[PDB]
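Some notes on the structure that comes next.
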Amino acid sequence: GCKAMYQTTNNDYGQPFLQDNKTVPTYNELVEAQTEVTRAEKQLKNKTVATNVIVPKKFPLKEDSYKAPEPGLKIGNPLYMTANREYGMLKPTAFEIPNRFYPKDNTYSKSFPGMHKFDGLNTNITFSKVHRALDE
Amino acid sequence: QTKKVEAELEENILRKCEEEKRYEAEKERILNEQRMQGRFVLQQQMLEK
Amino acid sequence: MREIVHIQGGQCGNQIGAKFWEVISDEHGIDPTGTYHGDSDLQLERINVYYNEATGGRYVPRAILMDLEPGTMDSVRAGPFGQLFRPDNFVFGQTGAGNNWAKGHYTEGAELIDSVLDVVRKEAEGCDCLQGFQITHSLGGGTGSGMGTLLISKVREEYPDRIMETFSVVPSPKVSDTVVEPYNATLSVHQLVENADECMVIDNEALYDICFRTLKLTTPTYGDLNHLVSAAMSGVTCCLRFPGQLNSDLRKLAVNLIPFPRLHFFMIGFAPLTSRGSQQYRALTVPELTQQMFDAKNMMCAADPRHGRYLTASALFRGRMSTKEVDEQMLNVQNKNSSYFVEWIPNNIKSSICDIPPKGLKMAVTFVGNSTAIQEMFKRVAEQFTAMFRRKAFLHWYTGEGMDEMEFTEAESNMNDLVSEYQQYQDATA
Amino acid sequence: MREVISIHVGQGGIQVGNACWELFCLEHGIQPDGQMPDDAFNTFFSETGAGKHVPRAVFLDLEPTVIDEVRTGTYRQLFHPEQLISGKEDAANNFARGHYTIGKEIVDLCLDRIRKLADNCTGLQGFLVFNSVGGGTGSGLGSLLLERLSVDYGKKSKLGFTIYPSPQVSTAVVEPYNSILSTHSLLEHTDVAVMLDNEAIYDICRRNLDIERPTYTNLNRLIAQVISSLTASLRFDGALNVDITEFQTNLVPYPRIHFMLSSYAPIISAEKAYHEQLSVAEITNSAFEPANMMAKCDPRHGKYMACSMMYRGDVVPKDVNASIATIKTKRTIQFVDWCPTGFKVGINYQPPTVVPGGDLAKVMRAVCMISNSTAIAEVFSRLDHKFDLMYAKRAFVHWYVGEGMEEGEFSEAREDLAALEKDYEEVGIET
Amino acid sequence: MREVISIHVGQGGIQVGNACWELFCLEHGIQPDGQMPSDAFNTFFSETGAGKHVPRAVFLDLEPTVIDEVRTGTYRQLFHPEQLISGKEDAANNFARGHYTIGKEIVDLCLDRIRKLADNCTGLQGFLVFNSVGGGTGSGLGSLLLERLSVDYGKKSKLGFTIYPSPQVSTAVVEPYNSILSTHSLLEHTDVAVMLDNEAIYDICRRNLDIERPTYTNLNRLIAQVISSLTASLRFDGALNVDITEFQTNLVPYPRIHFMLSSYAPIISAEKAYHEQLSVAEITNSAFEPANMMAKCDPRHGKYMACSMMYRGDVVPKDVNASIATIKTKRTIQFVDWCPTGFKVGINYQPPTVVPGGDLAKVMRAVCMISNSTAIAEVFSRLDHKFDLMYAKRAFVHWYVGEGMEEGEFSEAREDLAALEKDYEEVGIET
Ligand SMILES: Nc1nc2c(ncn2[C@@H]2O[C@H](COP(=O)(O)OP(=O)(O)OP(=O)(O)O)[C@@H](O)[C@H]2O)c(=O)[nH]1
Ligand SMILES: Nc1nc2c(ncn2[C@@H]2O[C@H](COP(=O)(O)OP(=O)(O)OP(=O)(O)O)[C@@H](O)[C@H]2O)c(=O)[nH]1
Ligand SMILES: Nc1nc2c(ncn2[C@@H]2O[C@H](COP(=O)(O)OP(=O)(O)O)[C@@H](O)[C@H]2O)c(=O)[nH]1
Ligand SMILES: [Mg+2]
Ligand SMILES: [Mg+2]
């Protein structure tokens with residue numbers, strides 16, 4: 001909470017006068033002094049409170065942490081190595097890592113539980129088609 | 001304009017608080033793995049003894 | 001004032017929009033967090049045309065991104081300037097169409113359209129005064145070509161007096177990527193001609209060819225393609241957002257270009273466009289700009305415009321120039337090329353001037369031409385369509401999802417009638 | 001959000017799946033124990049909630065030897081302990097045994113496993129199935145699974161990677177019979193079939209890899225590379241993606257014709273891979289080269305219907321389109337008349353990965369084609385000839401008759417193959 | 001200030017009491033000697049003023065062996081020495097022994113102990129009683145104790161956890177007689193009864209724990225886990241707490257129908273526990289899986305009356321109620337028409353524990369459900385058939401006659417079971 005949102009009605013009632021009587025700006029100067037006023041109002045709120053090429057990500061595993069596991073079955077001799085076990089004896093080395101990795105992230109769409117239908121009641125109001133000065 | 005921009009300044013702080021709440025939810029998520037790893041290693045060695 | 005709302009669907013359309021929004025944000029000096037860092041006051045006078053103001057003070061595009069597969073929008077969000085789009089406006093499916101017009105127009109899209117039409121209704125009503133709608137899509141794909149055109153019909157049924165602009169990518173028979181392209185192309189164009197107020201054709205083949213020839217760039221890509229088409233799109237409505245000597249909006253272009261209600265298919269071009277090594281060699285003047293815009297090699301369509309006669313043409317200039325010079329340039333170009341200009345309508349060139357140039361360039365021009373030369377794309381597409389259709393190839397799906405060959409025959413007949421009527425005026429004499 | 005379920009049945013299926021899952025884990029960085037040391041593995045894996053990952057595969061067999069080898073080998077920890085289903089008695093090359101006697105008591109548990117696995121996934125794309133056709137249990141269980149699944153799930157896509165016996169080299173002597181029977185069974189139930197005869201791949205291995213000592217390890221590694229290249233679009237970002245639903249969009253003119261044949265490029269050893277620049281045009285010409293076709297069939301003997309090729313690497317759309325232009329220019333390769341354009345090409349950024357201790361050299365650009373052409377009638381003709389040579393005198397028939405199969409059942413298969421041949425010959429004619 | 005008094009009678013009661021009292025002391029961190037290492041316990045234990053705690057349990061038996069084993073075991077220092085009441089002779093599976101001859105001289109001491117225990121407690125909710133129905137002493141003493149308490153205390157609630165004979169697995173031959181007699185006695189006296197036959201638990205242990213040669217210890221551990229899951233709501237904080245008096249106010253449509261059957265999930269060993277999510281939806285589906293009942297009855301053969309389930313762990317009401325909606329959507333589970341809603345849910349934060357040397361692995365989410373369903377008539381039917389086959393020729397009746405029990409008594413129990421079966425059949429029809 002902040003103090004500014006504590007200001008209340010009945011306090012806007014008569015409360016001094018912002019400018020001293022002796023320092024009135026004159027006509028021509030005010031008439032030439034519109035632009036800074038306008039840009040102040042319009043993007044005061046933008047500067048204060050409002051404030052290529054594909055890239056590859058790194059591969060998940062680092063080589064020094066491969067820690068390949070031994071087989072549960074304890075083979076005694078090289079003679080009895082079977083023809084099904086060649087898959088995966090050799091740990092990858094510096095040569096076999098892919099240099100670049102381009103994954104797909106789905107975290108944005110792993111959300112939005114369901115599409116929305118406005119289960120509401122108009123409230124559109126009319127703006128008129130030509131020179132809104134006659135629309136109610 | 002000063003008071004209105006103070007209001008949006010408050011709204012930004014509200015975002016910051018809710019983001020920290022999301023990070024707290026992630027810290028909560030850590031708990032399951034933190035239990036699981038050691039818990040199941042010991043529970044698997046239990047039958048081995 | 002007189003603002004328009006953007007809608008894009010299909011991955012081709014999403015890639016188009018991602019570059020279009022980046023280009024317009026760069027033009028107005030909007031950072032990808034929505035905060036202003038431009039220099040000129042004129043940069044922000046008409047920002048409400050495309051942007052809506054949010055609390056805190058950022059600007060958000062009034063764009064409706066729609067798709068039947070979420071990977072495309074997940075990709076575009078991670079891209080640069082992806083944060084601008086409001087999360088609410090995204091609408092997506094979980095199945096996709098698989099390049100099947102029947103699936104994307106009858107089965108899945110019919111159920112999914114409710115939310116997207118609701119958000120279109122809300123966003124369109126929210127703005128002050130509607131000027132029109134604009135859509136970008138590719139005709140070679142099932143989901144795009146079907147759902148986009150069905151949504152066009154639905155929006156037309158609800159806003160009959162508004163204008164609708166479409167940027168359609170057509171499947172050229174030269175660079176062909178899918179075997180079922182002619183089918184959904186014809187099926188889409190049948191519905192498009194009846195509803196869309198303006199349709200402007202873009203060909204991947206022609207874009208690639210101009211990239212190879214006038215850019216002379218070694219390895220062109222979809223990024224450069226989207227950049228070219230984005231500059232072309234922005235040039236159309238630049239004079240809408242900025243004051244100029246001859247302000248001209250989309251409704252004025254529509255009234256000026258189409259002699260008859262069903263002839264609203266245009267081909268466009270952009271200039272100046274030079275190789276990077278010769279950019280300082282060339283001499284940017286009005287005569288060079290006009291000879292470049294009227295060069296047949298600069299058109300972004302495969303059609304050869306010299307094989308037919310121009311019905312109407314129009315040019316939009318960016319930068320400050322003397323209007324008279326442009327005037328006699330158009331006059332002399334029309335005078336010597338009376339053979340290529342249809343005669344029963346005198347002075348068939350429109351020109352508009354806007355005093356703001358593109359960032360980094362001193363003059364620019366965008367060309368639109370309604371000519372009878374486009375009939376060749378339609379003829380070749382219909383030829384491929386009938387070649388595939390005589391042997392009843394691939395028809396079993398479209399039969400299996402509530403659709404049948406009767407409306408295929410009707411679509412072929414309608415397309416042939418359109419071609420014949422478009423050609424009838426080519427030989428017309430006074 | 002996209003998921004696909006893999007089925008391996010038969011000894012050939014298991015020995016191919018082991019190699020393919022080796023390559024998948026190597027590609028996604030998952031260590032053999034299943035524990036890693038944004039979400040791309042979701043195509044083939046499932047997160048356990050905390051730690052390791054579970055493959056989305058099922059292994060089936062009736063002889064326990066290979067299943068036990070899997071459950072004891074280095075990849076033991078990876079699979080769920082209760083998804084490697086093993087029977088007790090082998091069908092022993094008898095399709096009748098594997099389709100009427102023993103498989104009926106294992107198919108139930110298989111379907112419970114399949115249902116429980118499909119329940120976890122939310123965006124199920126389809127099924128892959130692997131089975132050697134020249135085996136009793138393979139053919140029978142595969143046929144039964146396809147017939148059951150096609151009615152349980154309906155419109156879901158299924159892709160069968162069948163290894164048809166070579167024209168003249170085969171292991172057994174009874175494989176034509178069960179090949180014909182299983183072909184009849186799958187013709188009305190599989191949406192896509194891929195030809196994978198062994199002899200052509202053996203030819204490729206002896207010629208290009210320069211290996212005079214080839215075994216099934218190299219065969220399975222090649223098939224795994226083909227699978228990975230085919231599925232890269234589901235789990236890797238690219239300038240032009242394709243879904244498994246976007247295959248029968250371009251490869252299936254009519255529901256009866258759904259058998260296609262594959263090819264891969266480039267194939268070269270590391271000792272001479274670095275003596276060439278390996279252009280995209282060169283590799284795509286090697287792709288359409290008839291002798292590099294993965295199936296022992298001659299494309300020069302018939303028309304093409306349609307081809308779809310996947311490129312992975314740093315290829316350029318102009319490179320692809322320029323190559324396709326030259327291919328269309330070529331006179332020797334002729335397409336069917338009613339297909340003006342028949343090419344479907346896709347692009348993916350991820351270069352192919354190399355397996356340590358393998359034979360294939362690491363190359364930055366690769367292309368994998370699936371083609372549907374009229375030439376496929378020749379293998380069916382020779383299979384029918386071999387089937388007739390044996391059935392002319394009722395050889396081996398009593399072994400199938402004594403396992404519950406009726407006498408006449410061969411007649412319907414023979415007639416269906418005749419109808420298939422006539423359908424190809426009549427769709428191959430010009431109008 | 002919430003207490004409940006626990007009664008153990010019979011060998012089955014003692015053998016489950018040992019297991020459950022090990023579990024409770026593991027829950028509350030109390031060493032077997034009774035000391036606490038340096039308020040939730042107040043439900044089950046009472047403070048001695050300085051040091052240890054005394055469980056609120058009483059053990060009754062006419063068999064000195066198990067009592068002596070308890071008094072010589074590791075828990076010798078926990079229980080009060082003068083609440084382990086032991087007799088001199090066993091009933092020898094004869095109901096008349098434990099109901100008319102030998103239990104009358106011990107029931108007075110039992111009631112004196114009960115009075116002394118109840119005087120200390122101030123906010124007692126009721127009694128939990130454990131007994132075996134197939135034992136003479138268990139049945140007779142349970143019947144006599146319930147008859148005495150029902151007039152001594154009045155409206156206090158009593159819960160009987162009875163282990164009924166299996167359809168065909170059994171250890172005795174005369175047990176239908178004592179079973180029918182005990183049903184006659186406690187039908188009028190027990191507010192809530194739980195069916196816990198052994199064969200279903202055997203099947204659970206075989207299928208899930210993958211234990212091929214288990215014993216009664218595993219059964220008793222499972223029963224203790226169920227009891228703790230039931231009673232955690234009284235001694236731990238929960239988002240939706242349920243009391244003992246909050247069970248009968250939902251689970252008993254009519255005064256006669258008060259037998260329920262339970263299920264518990266998950267039941268998974270650590271060898272494969274960490275291979276799956278253990279998600280709320282899958283555990284609540286496992287709860288209603290017909291094979292996971294600890295009672296050998298088929299829920300599919302009858303309508304449901306009322307289901308009350310307690311979740312413990314990090315469960316979320318969103319998840320729970322979303323699962324309940326799916327269950328209601330499911331077709332193969334049907335409820336009686338006059339019960340539009342039948343679910344009583346409870347949520348607690350305390351996760352279940354693991355006991356050292358056990359088989360189960362603890363998990364972050366557990367569910368225990370109690371169901372009253374119309375299918376329970378089948379067990380009464382089969383027990384009635386077993387009774388009739390033996391009583392047709394007056395087999396074994398003379399040893400019940402010769403111990404003071406009059407002959408005609410069996411007819412009354414038979415006609416009351418007939419009345420109960422008729423009541424179930426009547427209430428099972430739709431309106
Ligand atoms: N490509 C390839 N084919 C194989 C491999 N192993 C077996 N086959 C083929 O499988 C056919 C016979 O079936 P098998 O795989 O040996 O065994 P099965 O399919 O389980 O049938 P059964 O032998 O009855 O158990 C042979 O003709 C081989 O061509 C392999 O490792 N690679
Ligand atoms: N679940 C389980 N049931 C048991 C156990 N011990 C005995 N029972 C059951 O008890 C029934 C018979 O009663 P018992 O407990 O053996 O003996 P009893 O109830 O004290 O009656 P008596 O034999 O006269 O002493 C058998 O049918 C068993 O099913 C046990 O440790 N676990
Ligand atoms: N300009 C441009 N066109 C593209 C891009 N990506 C794809 N295309 C075009 O889109 C066509 C394929 O569209 P398709 O995938 O079927 O659209 P869908 O139906 O929405 O899936 C191809 O012919 C390409 O020419 C891109 O990044 N830029
Ligand atoms: Mg085999
Ligand atoms: Mg006993």
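Labels used: A, B, ... for chains in the order of the structure tokens, numbers from 1 for residues in each chain, and numbers from 1 for ligands as shown.
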
- request: Show me which bits of chain E are within 9 Å of chain B, counting only C-alpha atoms, as a PyMOL selection string.
  value: chain E and resi 270-271+273-274+356-359+361+363-364

task: With a distance threshold of 6 Å and counting only C-alpha atoms, extract the residues of chain C near chain A and express them as number ranges by chain.
output: C: 56-58, 115

field: Within 6 Å of ligand 4 (only C-alpha atoms and all ligand atoms), residues as a PyMOL selection string
entry: chain D and resi 10-11+135

- request: Extract the full set of alpha helix (DSSP H) residues from region 172-378 of chain E according to DSSP on the backbone, and format it as a ChimeraX atom specification.
  value: /E:175-187,198-207,216-231,245-251,280-288,317-329,377-378

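The gap separating CA of residue 132 (chain E) from CA of residue 164 (chain E) is 7.3 Å, in Å to one decimal.
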
- request: For ligand 5, collect every residue having any atom at a distance of at most 9 Å from a ligand atom (counting only C-alpha atoms and all ligand atoms); output as a list in words.
  value: residues 10, 11, 12, 61, 62, 63, 90, 91, 92, 93, 132, 134, 135, 136, 137 and 138 of chain E

task: Please write out the residues within 7 Å of ligand 3 as number ranges by chain, counting only C-alpha atoms and all ligand atoms.
output: C: 9-12, 15-16, 98-99, 138, 140-145, 171, 176-177, 204, 222-223, 225-226; D: 239-240
